[PDB]
Structure formats: C-alpha cells, structure tokens
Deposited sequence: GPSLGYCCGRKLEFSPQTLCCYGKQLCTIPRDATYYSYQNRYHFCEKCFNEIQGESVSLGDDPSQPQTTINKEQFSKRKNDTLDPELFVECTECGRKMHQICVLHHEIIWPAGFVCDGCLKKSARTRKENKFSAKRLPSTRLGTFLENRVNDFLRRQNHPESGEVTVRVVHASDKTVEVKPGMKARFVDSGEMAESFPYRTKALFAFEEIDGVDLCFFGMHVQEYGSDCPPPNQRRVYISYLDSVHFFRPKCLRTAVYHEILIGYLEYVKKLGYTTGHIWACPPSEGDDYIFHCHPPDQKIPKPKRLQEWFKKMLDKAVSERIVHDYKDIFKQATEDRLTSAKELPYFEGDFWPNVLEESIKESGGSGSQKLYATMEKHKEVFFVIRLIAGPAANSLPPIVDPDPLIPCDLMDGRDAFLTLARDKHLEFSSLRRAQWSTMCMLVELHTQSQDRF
C-alpha cells in the first residue's frame, strides 16, 4: 500500500425537497423515493396525511435511511509490479496515461518517467484577461521571493452572452409601464487559479462574474458583478494566501476598469453550513467566515485597491443611493441571482404596489453587506468610448454557471477536502475541460 491509511469518501449532503432550501447533513435521518426525492425527517413528518405530491406518492413507498454511506477509495494496479495503490495517491488518470499505470519504483528501476502530462492547467487556452491576472500574481510572488511558492496559472474557461429577466413583481410595476427594460444583456465568465505544488497542479480559486457592457440599458450599463467566489485553502505558503486572493480580485477590478466598466458590485455573503459555492466538499477545517468578518475582509481588500490607485472609492448601497439621489427601485442595478431582485419582489407585495415605500429602509438595514465600487469617477465616466472585449466567447457547458461543475464533482467523487483529493479533483477537472473543448 502507498500509505498505511484506510480511506473512504464522506457522504455528501442532499436536499430535503421540502423547504426548497433545506439540506440533509451527514449522519442525519431522511426519507428517499427512487433515490431522487429526499425528505427531511422533520419536514417529512410535518406533512399532510400520507400522500405526498411529487403525481401523488404515498409515504408508504419512502425509505427511512441515515446519511452514513462510505464509498471506499479506489486502488490501481501497477502493470509491472502488481502493487495495489490508491488511485488518488498516485494520481493515475486513464485518459492521460492510457498505456496503464506504472509505479515510481518500476519507472526508476528502468530509468524512465511518465509521459508528459497533457491537459495541464498551463495548456488550457489563454486569454488577455487570464494572462493579465496571472502576470500580476506571479510578479507579486517573485517580489515576495518565498522558496515554497509555485507558479500560478489563471485561465478563463467559459464566456457566453446571457440576459437577466426582471421578475414578475418588478415587471408588473416598471416593465409593463415602460419605465424599465424587461431584460439586461450581460457576458458571464468563469475563471480559475492553479498553483504548481510539487510538480502537480492544484486549483485553489474560482470565480464567476457578470459583465454588463455599454450596449446594456441603464441602470446596469458599464457594471460588473461578482456572482460567486470560492477557494481551496491549500495555497503554499499559507502566509501569502490572502495576498494572492487580493492580487486576483484587485487585478480583475483593474482589468475591467481598463476595458471601460465604471462600477463593480460585491455581495459579501458567506455560504450556509454544508453549502458549496463552486468547489465540492471543502476541507472540514476551512471555516466559513461570519458576515461581519467577511465584510471587514472586503474592506481591507478594497482599501489596498484604493491605495494602488485602481479603485477610486467605495460605499455601501445605502450611502451610494443617497449620493446618487435615488428615489425608485427601478434605479437599482438588477443582477442575475442577486439579493435585491428577490427583495424587491417582497417589497412590492408588502407595499401594495409601491417601488419606493421601504426602499431606503431596506437599503439601510442591509447596507453593510453590499459594496458599490467606483472604478471610473467624475467627468471621465461621462464620455467613454464603447467597451470592446478582446477575448472571444468560450463555449463550455460544464462552466455555464456553478451547477454543472458541482454536479460533475458530486457524480465523480471529486472532493476538495484535502490536498491529495483536491489535486486528484484538479487533474480530473482539467481533463474534462480539455476534452469538452
């Protein structure tokens, strides 16, 4: 055996299908039907009668289970030794090495090494935005001159044109009356950061963004929104991990500012317990920050951006609307999946059809969570040329949003819960991106 350890995958968390946001953690009790519809023990017993609509399926046909199934880790056999070894430990992928697995001992005994690993992070197609970010990170790393650090690769893996649609409450008030556009076009992008750790790629950062160009009507035009952020905390060295995140995030703001976007938007929202934003099965000791801590962290990152003469200034949404002399909810930027489109639906219902009644009160209530970042200020923003993106569209269904990658990771036991598993998951992720390309 490679190690002395007996290893297996932890059970993943499933949905309860009752409260539409309820989740079933590890070792919990739940009910299943056809392994498709799972129900919380509390939510299932708080059900009308026996018949449950799914077609009505009776509660008699449901399975009472505990979320404690442990799938053992897989082994691979050396085609010369016969030695059985963990697939994750030796990082053997059948697509990269279709000739069969040969252990390190056999390779050295015959004075050879594995064939070069195609489908690497470096060999992913590059972009102007990706090169811009990885130059910034690697230049910073050489300045710090830590011998433990490795080369960082940043690649944009998806780009497509989409639209966000105004929800029925806001649509009935402002869209049907002609006061607001019914949809806002934007380009979505997914990019990841990789670090070479002992000769092996490790994906440690991911990000999805929404970019609304000069074609977009107000109030969305020339604005960028960060849909989701995620990380795996195994960047080496640890003492430089936060700074690298700052380099990527500030670099993105610097890049879109150069392109002509005037404002960036960040919703400082930590994930719920047991929830994964981009990377499936985070390490158990990678703690989720509390909201106050996360807000201060973004402040520090933005403060550095201001000092670097990249970000002009930043304010919370409540302060921004006051300076913008906002009066109606139709003047607030409308982003896909954002907090505010959902809340404006609730605000109109409670107000009897008003888009202004509790607008400032709601913004003040949640002001510390929403950051409005001004990249271009004053007279310069009034007369800018059209935004032209030098990078082409990158069709990649696996990265059209965060759902496909999470599903693939769930379906293939691709965990990021440890360095070895995250390296195996990185290798599998890279192979998928190269074949789907």
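In sequence order, the deposited residues that have no C-alpha coordinates form the ranges 1 to 5, 60 to 67, 451 to 454.
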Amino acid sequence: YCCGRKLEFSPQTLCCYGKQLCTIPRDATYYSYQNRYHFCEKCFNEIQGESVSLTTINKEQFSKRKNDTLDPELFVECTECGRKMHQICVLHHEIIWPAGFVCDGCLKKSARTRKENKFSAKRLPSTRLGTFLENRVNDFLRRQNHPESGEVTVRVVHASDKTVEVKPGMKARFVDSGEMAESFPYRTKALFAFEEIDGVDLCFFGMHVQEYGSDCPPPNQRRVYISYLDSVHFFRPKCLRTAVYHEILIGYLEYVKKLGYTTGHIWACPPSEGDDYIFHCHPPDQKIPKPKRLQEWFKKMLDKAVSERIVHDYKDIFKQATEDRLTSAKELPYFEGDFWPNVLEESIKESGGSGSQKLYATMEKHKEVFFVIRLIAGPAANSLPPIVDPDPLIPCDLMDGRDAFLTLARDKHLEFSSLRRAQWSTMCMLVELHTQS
From here on, numbers count along this sequence of modelled residues.
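Relative to its counterpart among 39 to 47 and 394 to 402, 39 to 47 has the higher mean temperature factor, C-alpha atoms as listed in the PDB entry.
Taking only CA atoms, the mean B-factor in the PDB entry is higher for 116 to 124 than for the other of 116 to 124 and 256 to 264. Ranked by Cα temperature factor within the chain, residue 322 sits in the middle third according to the deposited record. Residue-level temperature factors show residue 338 in the lowest third of its chain, judged at the C-alpha atom.
Per the PDB record, residue ranking by Cα B-factor puts residue 246 in the lowest third of the chain. Among the modelled residues of its chain, residue 198 has a C-alpha B-factor that falls in the highest third according to the deposited record.
When the modelled residues of the chain are ordered by C-alpha B-factor, residue 376 sits in the middle third.
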